[PDB]
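> Quick one, upload_6.tsv (TSV, C-alpha atoms and all ligand atoms):
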chain	number	residue	atom	x	y	z
N	24	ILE	CA	68.85	88.51	-105.91
N	25	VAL	CA	66.08	88.60	-103.24
N	26	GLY	CA	62.99	90.80	-103.77
N	27	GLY	CA	63.92	91.78	-107.32
N	28	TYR	CA	62.31	91.22	-110.72
N	29	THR	CA	62.94	89.24	-113.89
N	30	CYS	CA	65.29	91.43	-116.02
N	31	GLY	CA	64.17	90.24	-119.41
N	32	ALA	CA	66.40	88.32	-121.81
N	33	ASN	CA	69.72	90.11	-122.51
N	34	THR	CA	68.51	93.44	-121.09
N	35	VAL	CA	71.71	93.51	-118.98
N	36	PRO	CA	74.14	92.69	-121.79
N	37	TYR	CA	77.29	93.23	-119.74
N	38	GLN	CA	76.27	90.62	-117.13
N	39	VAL	CA	78.36	87.45	-117.35
N	40	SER	CA	78.36	84.18	-115.42
N	41	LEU	CA	81.64	82.74	-114.12
N	42	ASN	CA	81.32	78.97	-114.56
N	43	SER	CA	83.30	75.93	-113.41
N	44	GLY	CA	80.92	73.23	-114.55
N	45	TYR	CA	78.21	75.31	-112.88
N	46	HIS	CA	77.62	79.04	-112.31
N	47	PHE	CA	79.38	80.26	-109.16
N	48	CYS	CA	79.85	84.04	-109.50
N	49	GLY	CA	78.75	86.97	-111.58
N	50	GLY	CA	80.91	89.51	-113.39
N	51	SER	CA	80.74	92.51	-115.70
N	52	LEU	CA	82.06	92.75	-119.25
N	53	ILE	CA	84.17	95.95	-119.56
N	54	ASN	CA	85.56	95.40	-123.05
N	55	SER	CA	85.63	92.56	-125.59
N	56	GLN	CA	88.45	90.78	-123.69
N	57	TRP	CA	88.04	91.66	-120.00
N	58	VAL	CA	85.64	90.99	-117.13
N	59	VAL	CA	85.47	92.62	-113.68
N	60	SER	CA	84.49	90.36	-110.74
N	61	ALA	CA	85.20	89.94	-106.97
N	62	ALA	CA	88.65	88.87	-105.70
N	63	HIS	CA	86.85	86.24	-103.57
N	64	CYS	CA	85.55	84.61	-106.76
N	65	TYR	CA	89.15	83.66	-107.70
N	66	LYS	CA	89.82	80.01	-108.62
N	67	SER	CA	91.39	78.24	-111.56
N	68	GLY	CA	89.51	76.72	-114.50
N	69	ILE	CA	87.00	79.52	-115.06
N	70	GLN	CA	84.78	79.70	-118.14
N	71	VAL	CA	83.00	82.98	-118.78
N	72	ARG	CA	79.48	82.75	-120.06
N	73	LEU	CA	78.21	85.79	-121.94
N	74	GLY	CA	74.77	86.48	-123.37
N	75	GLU	CA	73.04	84.29	-120.79
N	76	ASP	CA	69.48	84.69	-119.65
N	77	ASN	CA	68.25	81.29	-118.50
N	78	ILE	CA	71.44	79.86	-117.04
N	79	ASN	CA	70.20	76.23	-117.35
N	80	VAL	CA	68.87	76.20	-120.93
N	81	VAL	CA	70.54	77.05	-124.25
N	82	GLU	CA	68.61	79.93	-125.81
N	83	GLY	CA	70.97	80.92	-128.58
N	84	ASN	CA	72.71	84.09	-127.52
N	85	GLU	CA	75.40	82.50	-125.31
N	86	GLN	CA	79.11	82.74	-125.85
N	87	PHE	CA	81.31	80.38	-123.85
N	88	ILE	CA	84.91	81.59	-123.50
N	89	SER	CA	87.65	80.26	-121.21
N	90	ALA	CA	89.49	82.65	-118.95
N	91	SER	CA	93.17	82.93	-119.88
N	92	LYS	CA	94.22	85.13	-116.94
N	93	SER	CA	92.70	85.93	-113.55
N	94	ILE	CA	94.29	88.90	-111.80
N	95	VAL	CA	93.32	89.56	-108.19
N	96	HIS	CA	94.00	93.05	-106.84
N	97	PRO	CA	97.52	92.95	-105.33
N	98	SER	CA	96.23	94.43	-102.04
N	99	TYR	CA	93.16	92.20	-101.66
N	100	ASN	CA	92.77	91.60	-97.92
N	101	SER	CA	90.75	88.47	-97.32
N	102	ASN	CA	90.45	89.33	-93.62
N	103	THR	CA	88.76	92.71	-94.06
N	104	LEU	CA	87.53	92.20	-97.66
N	105	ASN	CA	89.26	95.42	-98.67
N	106	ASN	CA	90.15	95.63	-102.39
N	107	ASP	CA	87.71	92.83	-103.31
N	108	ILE	CA	88.17	93.03	-107.05
N	109	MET	CA	89.55	90.80	-109.80
N	110	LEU	CA	90.08	91.13	-113.55
N	111	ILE	CA	89.59	88.17	-115.87
N	112	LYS	CA	90.99	88.14	-119.41
N	113	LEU	CA	89.12	86.12	-122.03
N	114	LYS	CA	91.15	83.61	-124.11
N	115	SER	CA	89.54	85.14	-127.20
N	116	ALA	CA	87.59	88.35	-127.66
N	117	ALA	CA	83.84	88.15	-127.26
N	118	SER	CA	81.68	89.07	-130.25
N	119	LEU	CA	79.96	92.27	-129.21
N	120	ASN	CA	76.38	92.75	-130.31
N	121	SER	CA	73.10	94.07	-128.86
N	122	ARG	CA	72.94	91.21	-126.37
N	123	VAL	CA	76.60	91.07	-125.40
N	124	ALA	CA	77.96	94.53	-124.64
N	125	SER	CA	80.50	96.18	-122.38
N	126	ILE	CA	79.66	98.54	-119.51
N	127	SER	CA	81.59	101.79	-119.06
N	128	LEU	CA	83.95	102.33	-116.13
N	129	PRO	CA	83.04	105.27	-113.81
N	130	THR	CA	84.61	108.70	-114.30
N	131	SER	CA	83.84	109.63	-110.69
N	132	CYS	CA	82.45	108.05	-107.52
N	133	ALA	CA	78.67	108.03	-107.17
N	134	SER	CA	76.90	110.03	-104.47
N	135	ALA	CA	74.63	108.66	-101.76
N	136	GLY	CA	71.07	108.32	-103.01
N	137	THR	CA	72.15	107.43	-106.56
N	138	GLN	CA	69.88	104.68	-107.88
N	139	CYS	CA	71.55	101.60	-109.30
N	140	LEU	CA	70.82	98.27	-111.02
N	141	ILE	CA	72.12	95.11	-109.34
N	142	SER	CA	71.78	91.78	-111.11
N	143	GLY	CA	72.60	88.11	-110.88
N	144	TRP	CA	71.63	84.45	-110.68
N	145	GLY	CA	72.03	84.16	-106.91
N	146	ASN	CA	69.54	82.86	-104.34
N	147	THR	CA	66.09	84.51	-104.55
N	148	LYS	CA	65.18	83.68	-100.97
N	149	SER	CA	66.92	84.90	-97.83
N	150	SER	CA	66.70	81.40	-96.30
N	151	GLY	CA	66.21	77.92	-97.72
N	152	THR	CA	66.68	76.50	-101.23
N	153	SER	CA	66.19	78.73	-104.31
N	154	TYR	CA	65.75	77.47	-107.90
N	155	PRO	CA	66.82	80.43	-110.08
N	156	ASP	CA	66.93	80.22	-113.88
N	157	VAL	CA	66.58	83.61	-115.57
N	158	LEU	CA	68.64	86.65	-114.61
N	159	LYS	CA	67.21	88.75	-111.78
N	160	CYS	CA	67.43	92.52	-111.26
N	161	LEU	CA	67.09	94.89	-108.34
N	162	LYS	CA	66.92	98.66	-108.30
N	163	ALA	CA	68.67	99.91	-105.16
N	164	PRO	CA	70.03	103.21	-103.89
N	165	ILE	CA	73.54	103.85	-102.64
N	166	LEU	CA	73.31	104.48	-98.88
N	167	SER	CA	75.09	107.25	-97.01
N	168	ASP	CA	78.53	106.28	-95.75
N	169	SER	CA	77.33	107.06	-92.19
N	170	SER	CA	74.33	104.73	-92.44
N	171	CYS	CA	76.64	102.08	-93.93
N	172	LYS	CA	79.05	102.33	-90.99
N	173	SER	CA	76.09	102.33	-88.59
N	174	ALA	CA	74.88	99.05	-90.08
N	175	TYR	CA	78.36	97.52	-89.89
N	176	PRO	CA	80.32	99.27	-87.09
N	177	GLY	CA	84.08	98.94	-87.50
N	178	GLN	CA	83.89	97.01	-90.79
N	179	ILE	CA	83.46	99.43	-93.66
N	180	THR	CA	86.57	100.48	-95.58
N	181	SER	CA	86.98	103.43	-97.90
N	182	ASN	CA	86.73	100.96	-100.82
N	183	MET	CA	83.20	99.82	-99.97
N	184	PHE	CA	79.74	101.26	-100.07
N	185	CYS	CA	76.35	99.97	-98.94
N	186	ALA	CA	73.44	99.85	-101.30
N	187	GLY	CA	69.95	98.57	-100.87
N	188	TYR	CA	67.28	98.76	-98.18
N	189	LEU	CA	67.23	98.79	-94.39
N	190	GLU	CA	63.80	97.18	-94.09
N	191	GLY	CA	64.78	93.77	-95.45
N	192	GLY	CA	63.65	91.50	-98.26
N	193	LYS	CA	65.49	93.32	-101.11
N	194	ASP	CA	69.21	92.53	-101.61
N	195	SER	CA	71.85	90.66	-103.57
N	196	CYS	CA	72.48	87.18	-102.13
N	197	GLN	CA	74.70	84.08	-102.33
N	198	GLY	CA	75.54	83.35	-105.97
N	199	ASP	CA	75.46	87.04	-106.90
N	200	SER	CA	79.09	87.68	-105.82
N	201	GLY	CA	81.18	89.43	-108.44
N	202	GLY	CA	78.16	90.81	-110.30
N	203	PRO	CA	77.49	94.42	-111.34
N	204	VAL	CA	76.10	97.44	-109.54
N	205	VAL	CA	75.51	99.92	-112.36
N	206	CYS	CA	74.42	103.53	-111.80
N	207	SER	CA	73.70	105.95	-114.63
N	208	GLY	CA	75.36	103.57	-117.13
N	209	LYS	CA	78.61	103.19	-115.18
N	210	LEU	CA	79.86	100.22	-113.21
N	211	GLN	CA	80.13	101.61	-109.65
N	212	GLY	CA	80.01	98.43	-107.62
N	213	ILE	CA	80.76	94.70	-107.34
N	214	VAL	CA	78.56	92.39	-105.28
N	215	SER	CA	80.78	91.50	-102.30
N	216	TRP	CA	79.33	90.75	-98.86
N	217	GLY	CA	76.77	91.45	-96.13
N	218	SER	CA	75.41	89.89	-92.94
N	219	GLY	CA	73.37	87.13	-94.61
N	220	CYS	CA	71.11	88.56	-97.29
N	221	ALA	CA	68.04	90.80	-97.19
N	222	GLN	CA	68.17	91.05	-93.42
N	223	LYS	CA	66.74	94.04	-91.63
N	224	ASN	CA	69.29	96.80	-91.09
N	225	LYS	CA	72.01	94.86	-92.95
N	226	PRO	CA	72.24	96.16	-96.52
N	227	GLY	CA	74.57	94.67	-99.11
N	228	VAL	CA	78.18	95.85	-99.14
N	229	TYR	CA	79.87	96.43	-102.50
N	230	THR	CA	83.41	97.08	-103.74
N	231	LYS	CA	83.69	100.71	-104.77
N	232	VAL	CA	84.88	100.40	-108.43
N	233	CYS	CA	85.67	104.11	-108.89
N	234	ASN	CA	88.73	103.66	-106.68
N	235	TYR	CA	90.21	101.08	-109.04
N	236	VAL	CA	89.95	102.64	-112.47
N	237	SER	CA	93.66	103.37	-112.85
N	238	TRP	CA	94.52	99.84	-111.66
N	239	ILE	CA	92.03	98.38	-114.12
N	240	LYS	CA	93.44	100.39	-117.02
N	241	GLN	CA	96.99	99.44	-116.09
N	242	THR	CA	96.17	95.76	-115.80
N	243	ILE	CA	94.45	95.69	-119.21
N	244	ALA	CA	97.36	97.53	-120.82
N	245	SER	CA	100.08	95.32	-119.33
N	246	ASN	CA	98.41	91.97	-119.98
O	4	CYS	CA	85.85	66.96	-105.53
O	5	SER	CA	86.42	70.32	-103.88
O	6	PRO	CA	87.83	70.62	-100.31
O	7	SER	CA	86.08	72.37	-97.41
O	8	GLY	CA	85.94	76.12	-97.92
O	9	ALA	CA	86.25	75.94	-101.70
O	10	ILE	CA	83.91	77.93	-103.89
O	11	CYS	CA	81.03	75.91	-105.29
O	12	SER	CA	77.68	76.33	-107.02
O	13	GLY	CA	74.18	76.59	-105.67
O	14	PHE	CA	73.09	74.97	-108.97
O	15	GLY	CA	75.32	71.92	-108.72
O	16	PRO	CA	75.00	68.55	-107.02
O	17	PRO	CA	76.23	67.78	-103.45
O	18	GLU	CA	79.13	65.78	-104.97
O	19	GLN	CA	80.81	69.03	-106.06
O	20	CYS	CA	82.24	69.02	-102.57
O	21	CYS	CA	84.24	66.29	-100.85
O	22	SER	CA	81.99	66.90	-97.81
O	23	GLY	CA	78.80	66.45	-99.81
O	24	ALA	CA	77.43	69.85	-98.83
O	25	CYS	CA	77.61	73.07	-100.82
O	26	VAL	CA	76.15	75.81	-98.65
O	27	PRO	CA	75.70	79.56	-98.73
O	28	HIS	CA	78.57	81.42	-97.15
O	29	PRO	CA	77.33	83.47	-94.17
O	30	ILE	CA	79.12	86.64	-95.37
O	31	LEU	CA	80.47	86.41	-98.90
O	32	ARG	CA	77.81	86.16	-101.57
O	33	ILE	CA	78.99	82.81	-102.88
O	34	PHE	CA	78.34	79.19	-102.02
O	35	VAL	CA	81.20	77.21	-100.40
O	36	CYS	CA	81.88	73.59	-99.54
O	37	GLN	CA	81.09	72.68	-95.97
F	1	CA	CA	71.40	79.89	-121.42
F	2	CL	CL	75.29	78.59	-117.96
F	3	CL	CL	94.13	96.55	-96.70
Can you present the structure in this file as structure tokens?

Amino acid sequence: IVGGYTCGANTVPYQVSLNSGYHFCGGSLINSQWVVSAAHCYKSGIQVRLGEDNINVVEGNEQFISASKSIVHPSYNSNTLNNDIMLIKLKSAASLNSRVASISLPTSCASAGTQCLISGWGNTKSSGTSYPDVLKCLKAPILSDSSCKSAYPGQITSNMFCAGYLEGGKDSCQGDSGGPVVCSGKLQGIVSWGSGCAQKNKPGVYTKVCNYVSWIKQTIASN
Amino acid sequence: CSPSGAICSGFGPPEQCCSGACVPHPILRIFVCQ
């Protein structure tokens, strides 16, 4: 996250880290056994880390649970990034508490201008080497679909929205992939892509979760 | 070690990757092996 602020320990209790030795993607806890992340975060040997604040230091609220299943959306298109969503099942249910909590799925799509919380342990600078430790947060509005298409002509699908700022310096960034965009207490987005990060006139592009609720429910039920 | 194009970690050492470089992807918000 570039141009954001320190969240505070466990103030984003649905934020998880996908780990393979080291953190490599974010994700969102949607019930005690399931995490939502990006299809492009798919790889074998994932451990989910819940209750993290400082990702480098044990603070006492962590749960470390192996993934048992990783289910990429069956229409994920790695060429266009359409349908960039994955579900991960935990090998055992997480213990839910004030610091480890699920986030609700949306009941409708959010409108342009809706303010959202984006979070993660990604790079905090738009160029060069970052040294993140604690979870970072950014408040960012959903942009109009027309301004989104204007920023990325010929590249925005109906399963994406832009969120953030046109002026630069405030955005999600590398290492934030798969993490949450939450608006009014609902998970509306997944950190996906952009032209670099925090660049002028190139806001972040996010998977539009509201289009996947039935697929999410079906995948949970059948697995 | 992970092949070129594999996902890797901005927190991890260069030896994550066979190529010895784990770099930010230009588009996706992950790091990948050079
Ligand atoms: Ca920790
Ligand atoms: Cl960790
Ligand atoms: Cl498609």
> Would you be able to write out as a PyMOL selection string which residues have an atom within 12 Å of (68.5, 80.6, -109.0) in the file's coordinates, counting all atoms listed in the file?
(chain N and resi 24-25+29+45-48+76-79+142-148+151-159+195-199) or (chain O and resi 12-15)
> Let me make sure I understand: among N:74, N:44, N:83, N:176, which one has the smallest atom-to-atom distance to chain O if we use all atoms listed in the file?
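Among N:74, N:44, N:83, N:176, it is N:44 that comes nearest to chain O.
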> Within 9 Å of ligand CL 3 (chain F) (counting only C-alpha atoms and all ligand atoms), which residues show up? I'd like them as a PyMOL selection string.
chain N and resi 98-106+180
> Would you mind exporting C-alpha atoms of the selected residues as a PDB file, in the frame of the given file?

ATOM      1  CA  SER N  98      96.230  94.430-102.040  1.00  0.00           C
ATOM      2  CA  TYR N  99      93.160  92.200-101.660  1.00  0.00           C
ATOM      3  CA  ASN N 100      92.770  91.600 -97.920  1.00  0.00           C
ATOM      4  CA  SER N 101      90.750  88.470 -97.320  1.00  0.00           C
ATOM      5  CA  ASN N 102      90.450  89.330 -93.620  1.00  0.00           C
ATOM      6  CA  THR N 103      88.760  92.710 -94.060  1.00  0.00           C
ATOM      7  CA  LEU N 104      87.530  92.200 -97.660  1.00  0.00           C
ATOM      8  CA  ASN N 105      89.260  95.420 -98.670  1.00  0.00           C
ATOM      9  CA  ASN N 106      90.150  95.630-102.390  1.00  0.00           C
ATOM     10  CA  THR N 180      86.570 100.480 -95.580  1.00  0.00           C
TER      11      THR N 180
END
> For each of N:67, N:169, N:43, N:38, take the minimum atom-to-atom distance to residue 19 (chain O), counting all atoms listed in the file, then give the residue where this is smallest.
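Looking at the shortest contact to residue 19 (chain O), the residue is N:43.
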> What are the closest atom pairs, with distances in Å to one decimal, for all residues of chain O lying within 8 Å of chain N? Consider only C-alpha atoms, order rows by chain and residue number, and present the result as JSON lines.

{"residue": "O:10", "atom": "CA", "partner": "N:47", "partner_atom": "CA", "distance": 7.3}
{"residue": "O:11", "atom": "CA", "partner": "N:47", "partner_atom": "CA", "distance": 6.1}
{"residue": "O:12", "atom": "CA", "partner": "N:47", "partner_atom": "CA", "distance": 4.8}
{"residue": "O:13", "atom": "CA", "partner": "N:198", "partner_atom": "CA", "distance": 6.9}
{"residue": "O:14", "atom": "CA", "partner": "N:45", "partner_atom": "CA", "distance": 6.5}
{"residue": "O:15", "atom": "CA", "partner": "N:45", "partner_atom": "CA", "distance": 6.1}
{"residue": "O:27", "atom": "CA", "partner": "N:197", "partner_atom": "CA", "distance": 5.9}
{"residue": "O:28", "atom": "CA", "partner": "N:197", "partner_atom": "CA", "distance": 7.0}
{"residue": "O:29", "atom": "CA", "partner": "N:219", "partner_atom": "CA", "distance": 5.4}
{"residue": "O:30", "atom": "CA", "partner": "N:216", "partner_atom": "CA", "distance": 5.4}
{"residue": "O:31", "atom": "CA", "partner": "N:216", "partner_atom": "CA", "distance": 4.5}
{"residue": "O:32", "atom": "CA", "partner": "N:197", "partner_atom": "CA", "distance": 3.8}
{"residue": "O:33", "atom": "CA", "partner": "N:197", "partner_atom": "CA", "distance": 4.5}
{"residue": "O:34", "atom": "CA", "partner": "N:197", "partner_atom": "CA", "distance": 6.1}
> Have a look at CA of residue 230 (chain N) and CA of residue 118 (chain N) and let me know their distance in Å, one decimal.
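Atom-to-atom, CA of residue 230 (chain N) and CA of residue 118 (chain N) are spaced 27.7 Å apart.
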> One decimal, Å: what's the distance from CA of residue 211 (chain N) over to CA of residue 231 (chain N), could you say?
6.1 Å
> Take every atom of region 79-87 of chain N listed in the file, fit an axis-aligned box around them, add 8 Å per side, and give the centre and edge lengths in Å to one decimal as AutoDock Vina command-line options.

--center_x 75.0 --center_y 80.1 --center_z -123.0 --size_x 28.7 --size_y 23.9 --size_z 27.2
